[PDB]
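Novice: The following block contains the structure, expressed as structure tokens.
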Protein chains: 2
Amino acid sequence: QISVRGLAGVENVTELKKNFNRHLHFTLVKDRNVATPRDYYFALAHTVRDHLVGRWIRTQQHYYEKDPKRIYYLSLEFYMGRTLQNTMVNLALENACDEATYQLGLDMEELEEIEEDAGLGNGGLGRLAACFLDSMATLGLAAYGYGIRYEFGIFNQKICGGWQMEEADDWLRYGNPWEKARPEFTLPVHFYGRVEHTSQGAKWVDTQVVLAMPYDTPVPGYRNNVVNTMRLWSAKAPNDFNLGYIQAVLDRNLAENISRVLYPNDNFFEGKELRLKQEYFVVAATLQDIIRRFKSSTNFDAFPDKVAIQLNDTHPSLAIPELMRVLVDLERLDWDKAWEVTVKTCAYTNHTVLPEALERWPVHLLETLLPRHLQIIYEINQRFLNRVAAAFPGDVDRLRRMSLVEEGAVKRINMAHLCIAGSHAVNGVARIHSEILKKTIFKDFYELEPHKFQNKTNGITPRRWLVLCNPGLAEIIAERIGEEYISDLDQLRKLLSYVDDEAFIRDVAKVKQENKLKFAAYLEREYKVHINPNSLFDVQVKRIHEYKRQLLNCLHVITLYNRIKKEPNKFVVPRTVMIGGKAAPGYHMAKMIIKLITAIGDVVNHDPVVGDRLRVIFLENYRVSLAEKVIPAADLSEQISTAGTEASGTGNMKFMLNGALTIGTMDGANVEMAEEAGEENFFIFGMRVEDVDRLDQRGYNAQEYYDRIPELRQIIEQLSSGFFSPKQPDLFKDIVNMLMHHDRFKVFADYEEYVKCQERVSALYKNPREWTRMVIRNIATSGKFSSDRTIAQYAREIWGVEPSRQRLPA
Amino acid sequence: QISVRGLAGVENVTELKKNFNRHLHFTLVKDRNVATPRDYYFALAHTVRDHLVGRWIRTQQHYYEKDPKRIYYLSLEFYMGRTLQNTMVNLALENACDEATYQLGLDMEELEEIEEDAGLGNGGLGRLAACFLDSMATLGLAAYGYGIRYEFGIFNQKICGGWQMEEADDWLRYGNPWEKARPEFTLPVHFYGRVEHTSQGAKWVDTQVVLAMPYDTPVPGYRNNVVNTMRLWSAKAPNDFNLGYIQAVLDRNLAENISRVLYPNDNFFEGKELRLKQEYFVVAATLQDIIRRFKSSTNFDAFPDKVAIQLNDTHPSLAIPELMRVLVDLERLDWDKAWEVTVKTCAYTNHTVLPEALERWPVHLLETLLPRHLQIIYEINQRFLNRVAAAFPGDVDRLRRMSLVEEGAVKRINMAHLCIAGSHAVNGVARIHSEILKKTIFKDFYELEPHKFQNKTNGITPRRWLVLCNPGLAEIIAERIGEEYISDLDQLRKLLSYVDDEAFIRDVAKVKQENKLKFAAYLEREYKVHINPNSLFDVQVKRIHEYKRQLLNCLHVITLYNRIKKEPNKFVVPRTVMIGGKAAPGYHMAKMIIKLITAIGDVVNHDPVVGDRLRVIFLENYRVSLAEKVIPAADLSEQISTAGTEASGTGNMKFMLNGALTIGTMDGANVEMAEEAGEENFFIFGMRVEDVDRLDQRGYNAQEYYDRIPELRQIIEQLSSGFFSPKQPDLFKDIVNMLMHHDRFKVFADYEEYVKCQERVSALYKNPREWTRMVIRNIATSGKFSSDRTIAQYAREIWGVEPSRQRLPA
Ligand SMILES: O=c1ccn([C@@H]2O[C@H](CO)[C@@H](O)[C@H](O)[C@H]2O)c(=O)[nH]1
Ligand SMILES: O=c1ccn([C@@H]2O[C@H](CO)[C@@H](O)[C@H](O)[C@H]2O)c(=O)[nH]1
């Protein structure tokens with residue numbers, strides 16, 4: 001049908017059809033008379049999988065022969081989504097499979113919808129890891145993703161009575177055709193025990209053993225025949241475990257619970273023992289695997305030349321003392337040499353400056369669970385603080401500020417401080433964020449070792465986030481400038497010479513309209529909700545958090561409703577306001593925000609005076625597969641975090657690439673986005689970081705805004721009196737109290753400028769031609785935000801390896 | 001190599017080789033340079049599996065078209081062993097695969113040894129179910145095996161310091177290529193709750209739900225292209241289960257524990273709640289599946305014409321009140337009609353008369369777990385006792401004896417009484433056993449309904465138990481009388497005309513010697529134990545139980561040792577005494593018996609005066625795969641249970657078929673075996689059932705034997721004084737005390753006759769030619785003990801269906 005989806009040539013189509021029928025028969029043990037759509041999905045998945053393995057085996061043998069430096073990306077989250085379409089796109093099989101299935105009498109899009117998301121992440125940090133794996137394979141790097149194979153990923157969100165309900169994400173119920181279990185490469189992981197000092201060093205003894213069994217998933221590069229590996233560990237009890245009899249067997253569950261479920265906290269640290277076990281489990285198993293592979297190439301001087309370990313946040317921070325443990329206790333290297341190797345091997349990426357999100361583990365937990373590691377951490381700290389003391393003599397407060405050990409009621413280890421001390425590179429994820437790190441929370445460390453601190457602005461993969469989710473747009477772009485932009489997104493700049501092209505303007509606006517119609521149809525079919533496809537699609541999708549200010553969006557929605565009710569017969573640009581995202585099960589305020597959004601919808605959507613001019617919909621169960629649907633459909637992207645709180649954002653980049661305009665604060669990557677497109681082509685509003693600082697020094701008084709803004713006062717009075725909850729009048733008292741008395745994120749302070757800016761958006765939407773021209777200027781300048789650019793920078797500036805676009809033999 | 005293993009013809013060998021390489025590459029994701037023997041096993045297993053599926057799909061579609069009466073064999077145990085060789089034998093693929101692997105540079109026997117046993121059973125009852133499935137498929141019956149897919153089967157037995165140690169049988173660690181998960185056919189099972197009475201009947205409400213997910217395993221018939229199904233249920237928690245958050249997800253384990261582990265009790269009832277849940281789980285899921293399949297052929301009058309349910313012991317006895325529940329509560333049939341259908345559908349097989357083995361469930365357990373079923377059981381009992389009262393007016397003690405409800409400290413339900421009341425047929429498993437049932441424990445029931453009581457003498461499959469485990473013997477037999485005996489074992493009678501054939505005598509003795517050499521080599525390679533292959537191989541392999549009298553065997557061994565030590569320079573027929581079998585983890589006496597056996601070995605095997613004349617070896621980890629090795633190697637089969645205790649035995653039949661002579665009591669199937677071969681050709685000794693009864697009436701006094709038999713006195717004095725345990729002199733005090741004061745099984749009473757009989761065995765072994773001629777007379781008359789005969793009798797006399805040897809189209 002379309003050119004970007006590859007060739008459907010006779011030979012391939014015939015061969016795909018026969019392999020489909022073979023899998024249906026031999027693999028699924030079904031015939032055409034009893035097969036369901038799910039059986040057909042699996043037959044297709046197995047057929048596409050076959051095409052991977054040949055390339056998978058030869059990529060890994062290529063790395064063995066050439067022995068390049070290996071990159072190990074350690075993460076507790078890999079937010080992968082669906083794999084089928086991504087695999088077809090990267091292998092140039094999409095049109096052939098589309099033809100093959102059509103000839104078998106099947107609709108491939110229907111089959112694609114049967115696949116479960118691999119929801120092994122919470123949001124931005126987890127999705128970044130997935131985009132990174134794609135880019136590393138596309139750039140021909142010898143890279144491995146290492147994590148945990150959670151039996152249950154992020155919970156499925158149901159909305160009941162306007163409230164969030166959680167249910168288990170049993171994503172493995174029907175099997176996972178993409179993974180290959182590798183029980184032969186099972187490795188032991190140790191917990192608890194005690195430290196014994198002998199004549200020849202320390203020994204960690206009397207430990208409890210949990211086995212780590214790896215499952216490998218292929219990661220295909222974009223049309224380069226490279227297939228890398230994501231290896232995820234699963235926890236297994238040893239066979240002599242607790243070995244009355246029946247109980248001992250049932251107790252195996254305790255060990256295997258380590259890999260059972262993903263902790264659903266986003267930007268919030270929960271100091272639970274099971275989480276700590278997960279963190280060590282991934283680290284201990286991964287490092288043994290790394291060292292094994294290194295020895296199979298004695299002398300650890302070459303270790304940093306052959307190995308890079310990237311820590312995704314502090315979650316795998318125990319890699320630092322674990323590497324020290326192995327080098328010192330097991331390989332018998334002296335401390336100083338081991339430390340040199342460790343530092344040159346490890347690099348750390350920070351993803352947030354929110355204090356409640358920083359990992360600070362109680363010493364008493366580490367003492368019991370990992371007694372040798374605590375000893376190593378203390379020694380690291382002592383030696384590090386001796387360096388600080390020598391650099392800044394007599395600065396006693398600096399010593400306490402920089403210590404890895406935090407004193408107080410309970411002593412804690414600051415894992416971020418551990419990561420900086422033990423890494424040769426520390427990076428933030430957007431220019432403003434990296435500057436904030438150097439100026440505020442890691443200022444002391446920057447002053448000691450300025451060379452360590454870098455920026456690596458985040459990106460997204462244009463494969464999943466353009467070609468896959470928006471084939472209509474990818475096609476009209478390819479018609480003008482060719483296909484090379486898919487692996488060289490900077491080429492999109494060539495589209496600036498089409499900004500006054502009447503044909504292109506019409507096509508861009510046409511693709512958006514089609515996307516909006518398709519998404520409007522999805523909402524009817526799957527959720528029985530009705531929307532006007534002619535309205536402005538105003539969307540905010542991301543995890544529910546106070547810093548992200550879904551509440552500010554809510555206030556605007558209510559302002560629009562109140563203005564309509566005041567002047568009903570006055571014309572307003574029709575809007576469909578869509579808000580979606582999950583709240584952590586124990587985050588009360590976030591759960592209340594979801595209830596507020598649905599409650600506003602219940603009033604607004606059923607007011608006869610409003611008509612089809614304003615609709616408020618809560619998008620249930622937001623996840624990767626849903627993002628691929630709503631993002632191509634959006635007109636307006638809401639990126640309205642309080643300045644200085646969103647480290648980067650990546651959802652922002654997805655919207656820009658897909659033809660939505662952005663309303664946003666000068667926060668995270670929004671700054672660089674506006675810089676690339678031009679500020680005239682972005683809807684920037686609100687306080688800058690400097691303005692937030694000024695307000696904090698003076699003291700934030702929300703009552704001031706309430707007193708001086710009558711439209712804001714009305715909303716607060718409506719919320720308090722029970723306008724949006726007539727049966728439970730005080731339902732939202734907690735929300736009002738927070739807004740009025742303890743709002744960390746200064747919702748009221750940005751309200752006026754936000755509403756004003758939204759008026760300017762509505763004004764531009766009234767002029768379809770000029771709206772679209774601004775859109776083209778956004779898409780054309782979105783090149784910098786490809787994760788291929790990001791990964792190229794990591795490769796050159798941190799890992800010390802060169803990317804390659806050269807094909808491997810097929 | 002040998003004719004019975006099929007054709008290895010060019011076309012097939014080439015096609016097997018290419019499919020092997022395809023699986024190694026695409027299925028296992030390996031190349032020849034990294035592949036291990038295990039990878040090669042799996043590639044072969046997948047290759048052979050492919051040949052099953054075509055026949056599997058067409059068998060099941062054949063049953064749909066023809067709509068025959070279906071046979072449902074319900075069992076908590078299916079002791080399957082290994083599947084690869086059995087599949088090759090039944091599909092006539094053994095020689096072709098042997099050739100194909102040889103040409104790939106692989107040894108197939110080495111590959112076969114990598115497969116884990118499917119150890120989903122304890123012993124005889126579990127193995128019977130497996131032989132039965134094989135015979136039902138071979139006889140073309142529309143039969144289904146239904147059970148539980150235990151994550152852990154019977155424990156692996158390690159011997160440490162002479163003591164049994166248990167370890168988890170993690171049989172699924174590397175995967176199971178034979179099974180196919182069927183998550184689409186998942187069914188709900190209900191537990192707990194309460195009973196609600198409405199205007200329109202009873203309702204079972206507020207229940208906890210556990211999901212039952214089926215896994216299907218193919219069961220191939222012997223060269224008839226029939227492939228039946230064994231469906232095993234796995235427990236799964238529902239997704240809203242307990243749905244703080246993390247705990248709710250981890251608590252899913254509680255529901256899924258239902259299918260976690262096989263209870264390791266053999267001939268002993270343990271009234272544990274988890275066991276009861278397992279029993280209902282299998283029954284509830286199975287019956288829904290049965291009814292679904294029946295409706296997809298409204299009127300339940302035809303139900304017994306289209307369905308037979310065979311209960312393997314009382315373990316699935318809840319099928320009776322569950323069928324009533326479904327028919328009465330859900331289908332709204334009147335009681336009397338539902339009862340007629342239930343009785344005509346169900347049949348019950350009893351496997352033991354030992355009182356401690358009978359299932360008697362506490363009413364309070366059933367009240368809480370299955371409140372509706374208890375109500376139905378009470379109603380069944382009331383109506384049944386009204387029939388008894390009408391047949392035997394005024395016989396009040398009969399009423400209490402026959403009641404399904406047993407009064408006492410705790411009220412219990414007698415599950416055996418439930419089974420008789422609710423079944424149209426009740427059978428024992430050997431002629432003597434079935435007679436004992438009618439004369440003793442079920443006398444009252446036999447008097448009420450004589451027509452219900454039948455005998456079905458047990459059998460073994462000659463596929464696994466001759467062709468597979470003893471190809472050498474199968475070949476020499478085939479040379480003379482052809483191949484038809486494999487599915488018509490009665491043809492072995494034709495071998496009687498070769499009893500004076502000098503060529504045949506030499507060949508029979510040659511096959512045995514080769515088997516003994518091969519097994520002697522296995523013991524060195526895998527356990528580093530040394531044995532004399534020229535000695536008489538005296539073997540007792542079976543679960544360790546007091547009734548089986550491994551202790552009587554021990555006493556003989558010690559008698560032989562004492563006689564040698566008394567007259568060292570006197571000639572004795574050299575023996576290798578081998579004893580193996582597992583003890584239930586909480587069966588103290590059985591564990592002590594294992595320790596005694598190893599302790600005797602420690603003294604006997606290292607006495608320089610004994611030399612190579614006497615060896616005592618404990619066979620570690622006895623299981624199906626080990627049985628296939630030791631049985632073809634045996635000269636003497638020990639079947640020495642106290643008369644009236646071994647319902648049938650099946651190990652006895654395996655030895656007879658494989659060229660061992662039998663020393664045994666007139667118990668179980670030994671009686672029919674001796675009848676078939678002639679008593680002159682069996683070594684029968686000891687009390688008959690009548691003699692045991694006489695001794696019980698008089699009172700068994702063990703001291704009498706101790707006082708009058710000096711050789712027995714010496715042994716007891718040796719045991720007591722610490723001769724066999726010098727460091728722990730009183731180690732065996734419990735054994736001695738039991739033997740002297742509370743021996744339920746009268747070990748001493750059979751000692752004299754046993755030792756005398758053993759002398760006659762040794763005498764015959766001195767004459768190789770006459771030993772072998774007696775062997776030929778045994779093998780030649782073993783025909784009756786094919787499970788094909790047994791299943792034919794079930795089919796004709798209980799299920800009301802005709803067996804068929806006709807091939808299905810390939
Ligand atoms: O716990 C956390 C901490 C940070 N981030 C996000 O990481 C993304 C990738 O770097 C950033 O784009 C985003 O600003 C940040 O909140 C998370 O998603 N979870
Ligand atoms: O709990 C039990 C009860 C009986 N049997 C055995 O069943 C076999 C098959 O019918 C018989 O051959 C054997 O005599 C009996 O002990 C068991 O193996 N377990």
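Identifiers in this document derive from the order of the structure tokens: chains are assigned A, B, ..., residues are numbered from 1 separately in each chain, and ligands are numbered from 1 in order of occurrence.
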Write out as a VMD selection string the set of residues from segment 426-516 of chain B that DSSP, computed on the backbone, places in helix (DSSP H, G or I).
Specialist: chain B and resid 431 to 439 443 to 448 450 to 452 463 to 468 471 to 481 484 to 487 489 to 498 502 to 516
Novice: Sort by chain and increasing residue number a table of all residues of chain B within 10 Å of ligand 2, each with its closest pair of atoms and their distance in Å to one decimal, counting only C-alpha atoms and all ligand atoms, and write it as a tab-separated table.
Specialist:
```
residue	atom	partner	partner_atom_place_in_ligand_line	distance
B:77	CA	ligand 2	19 (N)	9.6
B:121	CA	ligand 2	18 (O)	8.7
B:122	CA	ligand 2	18 (O)	6.5
B:123	CA	ligand 2	18 (O)	4.7
B:124	CA	ligand 2	18 (O)	3.7
B:125	CA	ligand 2	7 (O)	3.9
B:126	CA	ligand 2	18 (O)	6.5
B:127	CA	ligand 2	9 (C)	7.5
B:128	CA	ligand 2	9 (C)	5.6
B:129	CA	ligand 2	9 (C)	8.4
B:264	CA	ligand 2	1 (O)	9.9
B:265	CA	ligand 2	1 (O)	7.1
B:266	CA	ligand 2	1 (O)	4.5
B:267	CA	ligand 2	1 (O)	3.5
B:268	CA	ligand 2	1 (O)	6.2
B:269	CA	ligand 2	1 (O)	7.8
B:312	CA	ligand 2	10 (O)	8.7
B:313	CA	ligand 2	3 (C)	7.6
B:314	CA	ligand 2	1 (O)	9.7
B:315	CA	ligand 2	1 (O)	9.4
B:349	CA	ligand 2	10 (O)	8.2
B:350	CA	ligand 2	10 (O)	7.5
B:351	CA	ligand 2	4 (C)	4.4
B:352	CA	ligand 2	4 (C)	4.9
B:353	CA	ligand 2	3 (C)	8.5
B:354	CA	ligand 2	3 (C)	8.4
B:356	CA	ligand 2	1 (O)	9.8
B:357	CA	ligand 2	1 (O)	6.3
B:358	CA	ligand 2	1 (O)	8.4
B:359	CA	ligand 2	1 (O)	9.8
B:428	CA	ligand 2	10 (O)	8.0
B:429	CA	ligand 2	10 (O)	5.5
B:430	CA	ligand 2	12 (O)	8.2
B:433	CA	ligand 2	14 (O)	8.8
B:456	CA	ligand 2	10 (O)	9.7
B:457	CA	ligand 2	10 (O)	8.6
B:458	CA	ligand 2	10 (O)	6.4
B:459	CA	ligand 2	12 (O)	8.7
B:542	CA	ligand 2	18 (O)	9.3
B:543	CA	ligand 2	18 (O)	8.3
B:545	CA	ligand 2	16 (O)	9.8
B:547	CA	ligand 2	16 (O)	9.4
B:548	CA	ligand 2	16 (O)	9.0
B:641	CA	ligand 2	14 (O)	9.7
B:644	CA	ligand 2	14 (O)	9.9
B:645	CA	ligand 2	14 (O)	7.6
B:646	CA	ligand 2	14 (O)	4.3
B:647	CA	ligand 2	14 (O)	3.7
B:648	CA	ligand 2	14 (O)	3.9
B:649	CA	ligand 2	12 (O)	3.3
B:650	CA	ligand 2	12 (O)	4.9
B:651	CA	ligand 2	12 (O)	7.8
B:652	CA	ligand 2	12 (O)	8.9
B:653	CA	ligand 2	12 (O)	9.7
B:667	CA	ligand 2	14 (O)	9.2
B:668	CA	ligand 2	14 (O)	6.6
B:669	CA	ligand 2	12 (O)	8.0
```
Novice: Out of A:391, A:551, A:274, A:643, which residue has the shortest atom-to-atom distance to ligand 1 when counting only C-alpha atoms and all ligand atoms?
Specialist: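 Ranking A:391, A:551, A:274, A:643 by distance to ligand 1, first place goes to A:643.
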Novice: Excluding residue 655 of chain B and its own-chain neighbours fewer than 5 positions away, which residues fall within 8 Å of it when counting only C-alpha atoms? Please give them as a VMD selection string.
Specialist: chain B and resid 631 to 632 634 637 660 to 662
Novice: Excluding same-chain residues fewer than 5 positions from residue 420 of chain A, what lies within 10 Å of it counting only C-alpha atoms, as a tab-separated table (two decimals) with C-alpha atoms, in the first residue's frame?
Specialist:
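After the write, part-v7.tsv holds the following:
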```
chain	number	residue	atom	x	y	z
A	314	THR	CA	20.41	4.88	41.12
A	317	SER	CA	23.76	1.63	42.06
A	343	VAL	CA	35.25	4.20	38.20
A	346	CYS	CA	30.62	2.89	35.48
A	347	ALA	CA	28.58	5.92	34.42
A	348	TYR	CA	25.44	7.30	36.04
A	349	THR	CA	22.35	8.99	34.60
A	350	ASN	CA	20.17	11.13	36.89
A	404	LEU	CA	27.48	8.90	51.35
A	415	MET	CA	22.70	6.19	46.56
A	425	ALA	CA	30.63	10.32	34.08
A	426	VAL	CA	27.43	11.78	35.54
A	427	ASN	CA	24.76	13.14	33.21
A	442	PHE	CA	25.23	18.15	43.17
A	445	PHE	CA	30.47	17.30	43.69
A	446	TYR	CA	30.72	19.52	40.62
A	449	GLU	CA	35.21	16.98	40.00
A	452	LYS	CA	32.52	14.20	35.53
A	453	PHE	CA	29.43	16.27	34.76
```
Novice: Pull out every residue of chain B sitting within 6 Å of chain A, counting only C-alpha atoms, and send them as a list in words.
Specialist: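 That gives the following set of residues: residues 167, 168, 239 and 240 of chain B.
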